[PDB]
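The file work.txt comes next; it holds compact mmCIF, N, CA and C atoms.
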# COMPACT_ATOMS: atom_id res chain seq x y z
N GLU A 1 -0.89 11.46 -2.59
CA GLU A 1 0.02 11.66 -3.74
C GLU A 1 1.45 11.23 -3.40
N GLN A 2 2.44 12.05 -3.78
CA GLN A 2 3.86 11.71 -3.60
C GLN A 2 4.16 11.42 -2.14
N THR A 3 4.48 10.16 -1.84
CA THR A 3 4.49 9.68 -0.47
C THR A 3 3.20 10.13 0.21
N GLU A 4 3.28 11.02 1.21
CA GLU A 4 2.10 11.74 1.74
C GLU A 4 1.16 10.82 2.54
N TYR A 5 1.06 9.58 2.08
CA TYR A 5 0.35 8.51 2.76
C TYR A 5 -1.16 8.61 2.58
N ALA A 6 -1.54 9.36 1.52
CA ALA A 6 -2.91 9.43 0.98
C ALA A 6 -3.96 9.87 2.00
N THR A 7 -4.96 10.59 1.51
CA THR A 7 -6.04 11.09 2.35
C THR A 7 -7.04 9.99 2.67
N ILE A 8 -7.40 9.22 1.65
CA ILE A 8 -8.37 8.15 1.77
C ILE A 8 -9.69 8.68 2.34
N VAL A 9 -10.41 9.40 1.50
CA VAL A 9 -11.69 9.97 1.88
C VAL A 9 -12.84 9.13 1.35
N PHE A 10 -13.37 8.28 2.20
CA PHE A 10 -14.56 7.50 1.87
C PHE A 10 -15.79 8.39 1.97
N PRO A 11 -16.41 8.74 0.83
CA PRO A 11 -17.59 9.59 0.82
C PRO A 11 -18.85 8.79 1.14
N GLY B 1 -0.03 -14.22 17.17
CA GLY B 1 1.27 -14.55 17.81
C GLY B 1 2.38 -13.64 17.33
N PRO B 2 3.31 -13.26 18.23
CA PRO B 2 4.42 -12.35 17.89
C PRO B 2 5.43 -12.97 16.93
N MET B 3 5.63 -14.28 17.04
CA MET B 3 6.55 -14.99 16.16
C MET B 3 5.91 -15.18 14.79
N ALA B 4 4.60 -15.32 14.78
CA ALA B 4 3.85 -15.47 13.55
C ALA B 4 3.50 -14.10 12.97
N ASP B 5 4.45 -13.52 12.26
CA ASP B 5 4.24 -12.21 11.63
C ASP B 5 3.12 -12.28 10.61
N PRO B 6 2.15 -11.36 10.68
CA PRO B 6 1.05 -11.29 9.71
C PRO B 6 1.54 -10.70 8.40
N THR B 7 2.77 -10.24 8.44
CA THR B 7 3.37 -9.57 7.31
C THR B 7 4.29 -10.52 6.55
N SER B 8 4.31 -11.79 6.94
CA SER B 8 5.12 -12.79 6.25
C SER B 8 4.47 -13.18 4.92
N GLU B 9 4.29 -12.18 4.07
CA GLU B 9 3.62 -12.35 2.79
C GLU B 9 4.48 -11.75 1.68
N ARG B 10 3.99 -11.80 0.44
CA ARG B 10 4.78 -11.35 -0.71
C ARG B 10 4.68 -9.85 -0.93
N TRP B 11 3.58 -9.25 -0.49
CA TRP B 11 3.37 -7.82 -0.70
C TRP B 11 4.03 -6.98 0.39
N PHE B 12 4.32 -7.59 1.53
CA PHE B 12 5.03 -6.90 2.59
C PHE B 12 6.53 -6.90 2.32
N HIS B 13 7.10 -5.72 2.28
CA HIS B 13 8.54 -5.57 2.11
C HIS B 13 9.15 -5.06 3.40
N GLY B 14 10.30 -5.59 3.77
CA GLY B 14 10.91 -5.24 5.05
C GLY B 14 11.24 -3.77 5.18
N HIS B 15 12.44 -3.40 4.75
CA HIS B 15 12.92 -2.03 4.91
C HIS B 15 12.78 -1.25 3.61
N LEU B 16 11.81 -0.35 3.58
CA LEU B 16 11.62 0.55 2.45
C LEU B 16 11.17 1.91 2.96
N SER B 17 11.75 2.96 2.41
CA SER B 17 11.32 4.32 2.71
C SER B 17 10.30 4.79 1.68
N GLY B 18 9.74 5.97 1.89
CA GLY B 18 8.67 6.47 1.05
C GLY B 18 8.97 6.40 -0.43
N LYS B 19 10.09 6.98 -0.85
CA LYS B 19 10.44 6.98 -2.26
C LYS B 19 11.01 5.64 -2.71
N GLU B 20 11.59 4.88 -1.78
CA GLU B 20 12.08 3.55 -2.10
C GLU B 20 10.93 2.62 -2.48
N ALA B 21 9.86 2.68 -1.70
CA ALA B 21 8.66 1.91 -1.98
C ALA B 21 8.03 2.35 -3.30
N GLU B 22 8.15 3.64 -3.57
CA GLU B 22 7.64 4.22 -4.79
C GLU B 22 8.47 3.74 -5.98
N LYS B 23 9.78 3.84 -5.83
CA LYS B 23 10.72 3.35 -6.83
C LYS B 23 10.48 1.87 -7.11
N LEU B 24 10.11 1.14 -6.07
CA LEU B 24 9.79 -0.28 -6.19
C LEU B 24 8.66 -0.48 -7.20
N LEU B 25 7.58 0.25 -7.01
CA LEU B 25 6.40 0.13 -7.85
C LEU B 25 6.59 0.76 -9.23
N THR B 26 7.13 1.97 -9.25
CA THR B 26 7.25 2.73 -10.49
C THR B 26 8.24 2.07 -11.45
N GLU B 27 9.27 1.44 -10.90
CA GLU B 27 10.29 0.79 -11.71
C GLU B 27 10.02 -0.70 -11.90
N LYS B 28 9.74 -1.41 -10.81
CA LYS B 28 9.64 -2.87 -10.85
C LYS B 28 8.20 -3.37 -10.92
N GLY B 29 7.26 -2.57 -10.43
CA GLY B 29 5.87 -3.00 -10.40
C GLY B 29 5.12 -2.61 -11.67
N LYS B 30 3.80 -2.57 -11.58
CA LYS B 30 2.96 -2.17 -12.71
C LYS B 30 1.64 -1.59 -12.19
N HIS B 31 0.80 -1.09 -13.08
CA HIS B 31 -0.47 -0.49 -12.69
C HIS B 31 -1.31 -1.46 -11.86
N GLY B 32 -1.64 -1.06 -10.64
CA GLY B 32 -2.46 -1.90 -9.78
C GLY B 32 -1.64 -2.67 -8.76
N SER B 33 -0.32 -2.53 -8.84
CA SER B 33 0.57 -3.18 -7.89
C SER B 33 0.52 -2.48 -6.54
N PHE B 34 0.53 -3.26 -5.47
CA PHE B 34 0.54 -2.72 -4.13
C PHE B 34 1.52 -3.49 -3.26
N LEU B 35 2.11 -2.81 -2.29
CA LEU B 35 2.99 -3.44 -1.34
C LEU B 35 2.89 -2.70 -0.01
N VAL B 36 2.88 -3.43 1.09
CA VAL B 36 2.85 -2.79 2.39
C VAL B 36 4.23 -2.88 3.02
N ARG B 37 4.60 -1.85 3.75
CA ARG B 37 5.90 -1.78 4.37
C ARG B 37 5.80 -1.06 5.70
N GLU B 38 6.86 -1.13 6.49
CA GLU B 38 6.89 -0.45 7.78
C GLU B 38 7.13 1.05 7.59
N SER B 39 6.30 1.85 8.25
CA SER B 39 6.39 3.31 8.16
C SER B 39 7.62 3.82 8.90
N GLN B 40 8.32 4.76 8.29
CA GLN B 40 9.50 5.34 8.90
C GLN B 40 9.17 6.66 9.58
N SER B 41 8.16 7.36 9.07
CA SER B 41 7.70 8.58 9.71
C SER B 41 6.82 8.24 10.91
N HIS B 42 6.08 7.15 10.79
CA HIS B 42 5.23 6.68 11.88
C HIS B 42 5.68 5.30 12.34
N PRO B 43 6.76 5.22 13.13
CA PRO B 43 7.31 3.94 13.57
C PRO B 43 6.31 3.15 14.41
N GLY B 44 6.01 1.94 13.96
CA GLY B 44 5.01 1.13 14.62
C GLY B 44 3.81 0.90 13.72
N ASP B 45 3.70 1.72 12.68
CA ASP B 45 2.61 1.58 11.72
C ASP B 45 3.15 1.07 10.39
N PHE B 46 2.24 0.74 9.48
CA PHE B 46 2.61 0.23 8.17
C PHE B 46 1.99 1.12 7.10
N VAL B 47 2.48 1.01 5.87
CA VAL B 47 1.92 1.77 4.77
C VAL B 47 1.72 0.90 3.54
N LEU B 48 0.63 1.17 2.84
CA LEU B 48 0.31 0.47 1.61
C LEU B 48 0.66 1.35 0.43
N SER B 49 1.66 0.99 -0.34
CA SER B 49 2.01 1.82 -1.47
C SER B 49 1.52 1.16 -2.75
N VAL B 50 0.85 1.94 -3.59
CA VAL B 50 0.22 1.41 -4.79
C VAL B 50 0.59 2.22 -6.02
N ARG B 51 0.58 1.57 -7.16
CA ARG B 51 0.85 2.23 -8.42
C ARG B 51 -0.46 2.53 -9.15
N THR B 52 -0.85 3.80 -9.11
CA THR B 52 -2.10 4.25 -9.69
C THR B 52 -1.85 4.90 -11.05
N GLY B 53 -2.80 4.76 -11.96
CA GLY B 53 -2.61 5.28 -13.30
C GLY B 53 -1.67 4.42 -14.12
N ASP B 54 -1.72 4.59 -15.43
CA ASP B 54 -0.88 3.81 -16.34
C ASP B 54 0.26 4.66 -16.88
N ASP B 55 1.36 4.01 -17.23
CA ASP B 55 2.60 4.69 -17.62
C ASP B 55 2.68 4.98 -19.11
N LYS B 56 1.73 4.47 -19.88
CA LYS B 56 1.69 4.72 -21.31
C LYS B 56 0.86 5.96 -21.63
N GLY B 57 0.29 6.57 -20.59
CA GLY B 57 -0.42 7.81 -20.77
C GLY B 57 -1.89 7.63 -21.09
N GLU B 58 -2.51 6.62 -20.50
CA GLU B 58 -3.95 6.43 -20.66
C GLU B 58 -4.67 6.74 -19.36
N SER B 59 -3.99 7.47 -18.49
CA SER B 59 -4.55 7.94 -17.24
C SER B 59 -3.82 9.20 -16.80
N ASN B 60 -2.50 9.12 -16.83
CA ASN B 60 -1.65 10.25 -16.52
C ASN B 60 -0.36 10.13 -17.32
N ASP B 61 0.40 11.21 -17.38
CA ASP B 61 1.66 11.20 -18.10
C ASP B 61 2.82 11.30 -17.12
N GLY B 62 4.02 10.97 -17.58
CA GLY B 62 5.17 10.94 -16.71
C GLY B 62 5.23 9.65 -15.93
N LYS B 63 5.29 8.54 -16.67
CA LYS B 63 5.21 7.20 -16.10
C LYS B 63 3.94 7.03 -15.26
N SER B 64 3.88 5.97 -14.48
CA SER B 64 2.75 5.77 -13.59
C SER B 64 2.90 6.62 -12.34
N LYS B 65 1.83 6.74 -11.58
CA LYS B 65 1.83 7.59 -10.41
C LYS B 65 1.59 6.75 -9.16
N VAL B 66 2.51 6.79 -8.21
CA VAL B 66 2.38 5.99 -7.01
C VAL B 66 1.86 6.80 -5.83
N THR B 67 0.89 6.23 -5.14
CA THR B 67 0.40 6.78 -3.90
C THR B 67 0.61 5.78 -2.78
N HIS B 68 0.98 6.28 -1.62
CA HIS B 68 1.17 5.45 -0.46
C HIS B 68 0.03 5.72 0.49
N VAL B 69 -0.52 4.68 1.10
CA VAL B 69 -1.63 4.83 2.03
C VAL B 69 -1.18 4.42 3.43
N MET B 70 -1.59 5.18 4.43
CA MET B 70 -1.19 4.90 5.79
C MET B 70 -2.05 3.80 6.41
N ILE B 71 -1.40 2.77 6.94
CA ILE B 71 -2.09 1.70 7.63
C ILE B 71 -1.87 1.86 9.13
N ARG B 72 -2.91 2.27 9.83
CA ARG B 72 -2.82 2.44 11.28
C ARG B 72 -2.73 1.08 11.95
N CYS B 73 -1.64 0.86 12.67
CA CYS B 73 -1.42 -0.40 13.35
C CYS B 73 -1.32 -0.19 14.85
N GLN B 74 -2.45 -0.33 15.53
CA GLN B 74 -2.49 -0.24 16.98
C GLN B 74 -2.93 -1.58 17.56
N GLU B 75 -2.13 -2.11 18.47
CA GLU B 75 -2.39 -3.42 19.07
C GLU B 75 -2.49 -4.50 18.00
N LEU B 76 -1.63 -4.39 16.99
CA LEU B 76 -1.57 -5.35 15.88
C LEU B 76 -2.88 -5.36 15.09
N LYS B 77 -3.52 -4.21 15.02
CA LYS B 77 -4.73 -4.05 14.24
C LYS B 77 -4.44 -3.15 13.05
N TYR B 78 -4.85 -3.56 11.86
CA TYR B 78 -4.52 -2.84 10.64
C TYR B 78 -5.76 -2.20 10.03
N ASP B 79 -5.62 -0.94 9.62
CA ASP B 79 -6.72 -0.21 8.98
C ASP B 79 -6.18 0.94 8.13
N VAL B 80 -6.72 1.11 6.93
CA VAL B 80 -6.37 2.25 6.09
C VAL B 80 -7.32 3.40 6.39
N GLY B 81 -8.41 3.08 7.07
CA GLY B 81 -9.41 4.07 7.40
C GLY B 81 -10.78 3.68 6.90
N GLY B 82 -10.89 2.48 6.35
CA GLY B 82 -12.15 2.06 5.76
C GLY B 82 -12.54 0.64 6.09
N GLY B 83 -13.82 0.42 6.32
CA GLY B 83 -14.33 -0.92 6.54
C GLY B 83 -13.93 -1.50 7.88
N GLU B 84 -13.96 -2.82 7.98
CA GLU B 84 -13.57 -3.50 9.21
C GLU B 84 -12.07 -3.47 9.39
N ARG B 85 -11.64 -3.49 10.64
CA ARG B 85 -10.22 -3.49 10.95
C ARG B 85 -9.77 -4.91 11.27
N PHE B 86 -8.66 -5.31 10.67
CA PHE B 86 -8.22 -6.70 10.74
C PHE B 86 -6.97 -6.83 11.59
N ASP B 87 -6.81 -7.99 12.22
CA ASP B 87 -5.64 -8.28 13.03
C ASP B 87 -4.54 -8.89 12.17
N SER B 88 -4.84 -9.03 10.89
CA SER B 88 -3.88 -9.54 9.92
C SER B 88 -3.85 -8.61 8.71
N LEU B 89 -2.65 -8.40 8.16
CA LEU B 89 -2.49 -7.45 7.07
C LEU B 89 -2.97 -8.05 5.75
N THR B 90 -3.01 -9.37 5.68
CA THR B 90 -3.50 -10.05 4.49
C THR B 90 -4.96 -9.70 4.24
N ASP B 91 -5.75 -9.71 5.31
CA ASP B 91 -7.16 -9.33 5.21
C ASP B 91 -7.29 -7.86 4.86
N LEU B 92 -6.36 -7.05 5.37
CA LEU B 92 -6.35 -5.61 5.12
C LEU B 92 -6.18 -5.34 3.63
N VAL B 93 -5.13 -5.90 3.05
CA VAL B 93 -4.80 -5.63 1.67
C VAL B 93 -5.86 -6.18 0.72
N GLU B 94 -6.36 -7.37 1.03
CA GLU B 94 -7.40 -7.99 0.22
C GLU B 94 -8.71 -7.23 0.33
N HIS B 95 -8.96 -6.63 1.48
CA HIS B 95 -10.16 -5.84 1.69
C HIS B 95 -10.23 -4.70 0.68
N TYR B 96 -9.12 -3.99 0.53
CA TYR B 96 -9.05 -2.89 -0.41
C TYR B 96 -8.70 -3.38 -1.81
N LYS B 97 -8.34 -4.66 -1.90
CA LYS B 97 -8.06 -5.30 -3.18
C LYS B 97 -9.37 -5.49 -3.95
N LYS B 98 -10.47 -5.53 -3.22
CA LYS B 98 -11.79 -5.61 -3.82
C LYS B 98 -12.51 -4.27 -3.73
N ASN B 99 -12.10 -3.45 -2.77
CA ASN B 99 -12.73 -2.16 -2.54
C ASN B 99 -11.70 -1.04 -2.55
N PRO B 100 -11.42 -0.47 -3.74
CA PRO B 100 -10.43 0.61 -3.91
C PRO B 100 -10.72 1.82 -3.01
N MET B 101 -9.69 2.29 -2.33
CA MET B 101 -9.82 3.44 -1.44
C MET B 101 -9.37 4.72 -2.16
N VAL B 102 -10.12 5.81 -1.99
CA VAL B 102 -9.92 7.03 -2.79
C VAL B 102 -9.30 8.18 -1.98
N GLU B 103 -8.34 8.88 -2.58
CA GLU B 103 -7.81 10.13 -2.03
C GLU B 103 -8.73 11.29 -2.39
N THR B 104 -8.57 12.41 -1.69
CA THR B 104 -9.40 13.58 -1.94
C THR B 104 -8.96 14.30 -3.21
N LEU B 105 -7.81 13.91 -3.75
CA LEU B 105 -7.31 14.50 -4.98
C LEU B 105 -7.79 13.70 -6.19
N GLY B 106 -8.54 12.64 -5.92
CA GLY B 106 -9.07 11.82 -6.99
C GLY B 106 -8.31 10.52 -7.15
N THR B 107 -7.06 10.51 -6.69
CA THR B 107 -6.26 9.30 -6.73
C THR B 107 -6.91 8.20 -5.91
N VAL B 108 -7.39 7.17 -6.57
CA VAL B 108 -7.93 6.04 -5.87
C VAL B 108 -7.07 4.82 -6.08
N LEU B 109 -6.72 4.21 -4.96
CA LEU B 109 -5.75 3.15 -4.92
C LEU B 109 -6.40 1.83 -5.32
N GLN B 110 -6.11 1.39 -6.53
CA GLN B 110 -6.66 0.14 -7.04
C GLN B 110 -5.70 -1.01 -6.78
N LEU B 111 -5.88 -1.64 -5.63
CA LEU B 111 -5.08 -2.79 -5.23
C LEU B 111 -5.50 -4.02 -6.04
N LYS B 112 -4.67 -4.43 -6.99
CA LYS B 112 -4.99 -5.59 -7.81
C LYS B 112 -4.02 -6.74 -7.57
N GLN B 113 -2.73 -6.48 -7.74
CA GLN B 113 -1.73 -7.52 -7.56
C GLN B 113 -0.55 -7.00 -6.74
N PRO B 114 0.00 -7.87 -5.87
CA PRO B 114 1.06 -7.49 -4.94
C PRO B 114 2.42 -7.38 -5.61
N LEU B 115 3.20 -6.40 -5.18
CA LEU B 115 4.56 -6.24 -5.67
C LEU B 115 5.45 -7.28 -5.00
N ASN B 116 5.90 -8.25 -5.78
CA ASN B 116 6.75 -9.32 -5.27
C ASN B 116 8.01 -8.76 -4.63
N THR B 117 8.41 -9.34 -3.51
CA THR B 117 9.62 -8.93 -2.83
C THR B 117 10.85 -9.36 -3.61
N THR B 118 11.52 -8.40 -4.22
CA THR B 118 12.71 -8.69 -4.98
C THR B 118 13.91 -8.80 -4.04
N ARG B 119 14.35 -10.03 -3.82
CA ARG B 119 15.44 -10.31 -2.91
C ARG B 119 16.37 -11.35 -3.51
Taking this structure as input, can you express it in the form of C-alpha cells?
Amino acid sequence: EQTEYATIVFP
Amino acid sequence: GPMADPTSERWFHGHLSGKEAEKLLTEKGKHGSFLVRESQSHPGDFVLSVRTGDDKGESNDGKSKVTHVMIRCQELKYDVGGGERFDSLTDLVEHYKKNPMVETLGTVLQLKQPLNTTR
C-alpha cells in the first residue's frame, strides 16, 4: 500500500 | 558492466523518495504506470512503484492508488520476489509487465506502461 514496498504474495 | 547501467531506461527515475515516486504516478502517470527507482530506506536496492486502480472511481475512490514494490538488488540481480531473477532491470519490469504481482491486501501491481522521466 502507501509506500510500504508491497507484500507481493504469490499464492 | 558498471558503466553500462541497466537502469538507463525510461521507467527508471534517478532520485525519488517513497511519496515522490507516488506523486510522480498519482499526478503525472496513469493507471498501470510503473517506474523503478533507487530505494532510500534500503540503500543499494531498487523499488518498482505502480499506479493501481483508476482515479475516476471504477476501482477505488480518492484518485488512483499507488503501491511501491521492493526490488531486491544483490550482486546486480533484480527480483520483486517472483519468477526468474534478472541481471537487468528491463527484464525485471517486463517480467511483471506480463505477470502482475499481488499484495496480500489485494492490491496487485499491473505493470502496463512506464512512467516517462520528466526532466
message: Counting only N, CA and C atoms, which residues have an atom no more than 6 Å from (-2.8, 1.3, 8.4) in the file's coordinates? Please list them as a VMD selection string.
response: chain B and resid 46 to 47 70 to 73 78 to 80
Generate the output file for the selected residues, N, CA and C atoms, as a PDB file, keeping the file's coordinate frame.
ATOM      1  N   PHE B  46       2.240   0.740   9.480  1.00  0.00           N
ATOM      2  CA  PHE B  46       2.610   0.230   8.170  1.00  0.00           C
ATOM      3  C   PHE B  46       1.990   1.120   7.100  1.00  0.00           C
ATOM      4  N   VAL B  47       2.480   1.010   5.870  1.00  0.00           N
ATOM      5  CA  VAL B  47       1.920   1.770   4.770  1.00  0.00           C
ATOM      6  C   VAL B  47       1.720   0.900   3.540  1.00  0.00           C
ATOM      7  N   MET B  70      -1.590   5.180   4.430  1.00  0.00           N
ATOM      8  CA  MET B  70      -1.190   4.900   5.790  1.00  0.00           C
ATOM      9  C   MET B  70      -2.050   3.800   6.410  1.00  0.00           C
ATOM     10  N   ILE B  71      -1.400   2.770   6.940  1.00  0.00           N
ATOM     11  CA  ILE B  71      -2.090   1.700   7.630  1.00  0.00           C
ATOM     12  C   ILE B  71      -1.870   1.860   9.130  1.00  0.00           C
ATOM     13  N   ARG B  72      -2.910   2.270   9.830  1.00  0.00           N
ATOM     14  CA  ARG B  72      -2.820   2.440  11.280  1.00  0.00           C
ATOM     15  C   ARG B  72      -2.730   1.080  11.950  1.00  0.00           C
ATOM     16  N   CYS B  73      -1.640   0.860  12.670  1.00  0.00           N
ATOM     17  CA  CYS B  73      -1.420  -0.400  13.350  1.00  0.00           C
ATOM     18  C   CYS B  73      -1.320  -0.190  14.850  1.00  0.00           C
ATOM     19  N   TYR B  78      -4.850  -3.560  11.860  1.00  0.00           N
ATOM     20  CA  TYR B  78      -4.520  -2.840  10.640  1.00  0.00           C
ATOM     21  C   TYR B  78      -5.760  -2.200  10.030  1.00  0.00           C
ATOM     22  N   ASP B  79      -5.620  -0.940   9.620  1.00  0.00           N
ATOM     23  CA  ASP B  79      -6.720  -0.210   8.980  1.00  0.00           C
ATOM     24  C   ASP B  79      -6.180   0.940   8.130  1.00  0.00           C
ATOM     25  N   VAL B  80      -6.720   1.110   6.930  1.00  0.00           N
ATOM     26  CA  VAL B  80      -6.370   2.250   6.090  1.00  0.00           C
ATOM     27  C   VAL B  80      -7.320   3.400   6.390  1.00  0.00           C
TER      28      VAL B  80
END
message: Near chain B, meaning an atom within 5 Å, which residues of chain A appear when counting all atoms listed in the file? Write them as a count of residues only.
response: 7
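Closest approach to residue B:14 among B:63, B:37, B:98, B:77 is made by B:37 (distances from only N, CA and C atoms).
The coordinates place atom C of residue B:90 at 9.7 Å from atom N of residue B:6.
For the pair atom N of residue B:84 and atom C of residue B:43, the interatomic distance is 22.1 Å.
What separates atom CA of residue B:16 from atom CA of residue B:88 is a distance of 19.9 Å.
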Would you mind completing stretch 33-48 of chain B to N, CA, C and O atoms and writing the output as a JSON list (two decimals), keeping the file's coordinate frame?
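The resulting part14.json:
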[["chain", "number", "residue", "atom", "x", "y", "z"],
["B", 33, "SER", "N", -0.32, -2.53, -8.84],
["B", 33, "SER", "CA", 0.57, -3.18, -7.89],
["B", 33, "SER", "C", 0.52, -2.48, -6.54],
["B", 33, "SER", "O", 0.46, -1.25, -6.47],
["B", 34, "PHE", "N", 0.53, -3.26, -5.47],
["B", 34, "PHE", "CA", 0.54, -2.72, -4.13],
["B", 34, "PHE", "C", 1.52, -3.49, -3.26],
["B", 34, "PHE", "O", 1.76, -4.68, -3.48],
["B", 35, "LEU", "N", 2.11, -2.81, -2.29],
["B", 35, "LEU", "CA", 2.99, -3.44, -1.34],
["B", 35, "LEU", "C", 2.89, -2.70, -0.01],
["B", 35, "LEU", "O", 2.79, -1.47, 0.02],
["B", 36, "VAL", "N", 2.88, -3.43, 1.09],
["B", 36, "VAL", "CA", 2.85, -2.79, 2.39],
["B", 36, "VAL", "C", 4.23, -2.88, 3.02],
["B", 36, "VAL", "O", 4.97, -3.84, 2.81],
["B", 37, "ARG", "N", 4.60, -1.85, 3.75],
["B", 37, "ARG", "CA", 5.90, -1.78, 4.37],
["B", 37, "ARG", "C", 5.80, -1.06, 5.70],
["B", 37, "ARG", "O", 4.78, -0.44, 5.99],
["B", 38, "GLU", "N", 6.86, -1.13, 6.49],
["B", 38, "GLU", "CA", 6.89, -0.45, 7.78],
["B", 38, "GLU", "C", 7.13, 1.05, 7.59],
["B", 38, "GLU", "O", 8.03, 1.45, 6.86],
["B", 39, "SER", "N", 6.30, 1.85, 8.25],
["B", 39, "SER", "CA", 6.39, 3.31, 8.16],
["B", 39, "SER", "C", 7.62, 3.82, 8.90],
["B", 39, "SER", "O", 7.93, 3.35, 10.00],
["B", 40, "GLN", "N", 8.32, 4.76, 8.29],
["B", 40, "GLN", "CA", 9.50, 5.34, 8.90],
["B", 40, "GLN", "C", 9.17, 6.66, 9.58],
["B", 40, "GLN", "O", 9.81, 7.05, 10.55],
["B", 41, "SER", "N", 8.16, 7.36, 9.07],
["B", 41, "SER", "CA", 7.70, 8.58, 9.71],
["B", 41, "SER", "C", 6.82, 8.24, 10.91],
["B", 41, "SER", "O", 6.83, 8.94, 11.92],
["B", 42, "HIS", "N", 6.08, 7.15, 10.79],
["B", 42, "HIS", "CA", 5.23, 6.68, 11.88],
["B", 42, "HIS", "C", 5.68, 5.30, 12.34],
["B", 42, "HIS", "O", 5.07, 4.29, 11.98],
["B", 43, "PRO", "N", 6.76, 5.22, 13.13],
["B", 43, "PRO", "CA", 7.31, 3.94, 13.57],
["B", 43, "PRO", "C", 6.31, 3.15, 14.41],
["B", 43, "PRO", "O", 5.81, 3.63, 15.43],
["B", 44, "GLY", "N", 6.01, 1.94, 13.96],
["B", 44, "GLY", "CA", 5.01, 1.13, 14.62],
["B", 44, "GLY", "C", 3.81, 0.90, 13.72],
["B", 44, "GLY", "O", 3.01, 0.00, 13.98],
["B", 45, "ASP", "N", 3.70, 1.72, 12.68],
["B", 45, "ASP", "CA", 2.61, 1.58, 11.72],
["B", 45, "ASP", "C", 3.15, 1.07, 10.39],
["B", 45, "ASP", "O", 4.36, 0.97, 10.18],
["B", 46, "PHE", "N", 2.24, 0.74, 9.48],
["B", 46, "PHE", "CA", 2.61, 0.23, 8.17],
["B", 46, "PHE", "C", 1.99, 1.12, 7.10],
["B", 46, "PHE", "O", 1.10, 1.90, 7.38],
["B", 47, "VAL", "N", 2.48, 1.01, 5.87],
["B", 47, "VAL", "CA", 1.92, 1.77, 4.77],
["B", 47, "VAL", "C", 1.72, 0.90, 3.54],
["B", 47, "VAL", "O", 2.52, 0.01, 3.25],
["B", 48, "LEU", "N", 0.63, 1.17, 2.84],
["B", 48, "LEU", "CA", 0.31, 0.47, 1.61],
["B", 48, "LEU", "C", 0.66, 1.35, 0.43],
["B", 48, "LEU", "O", 0.03, 2.37, 0.21]]
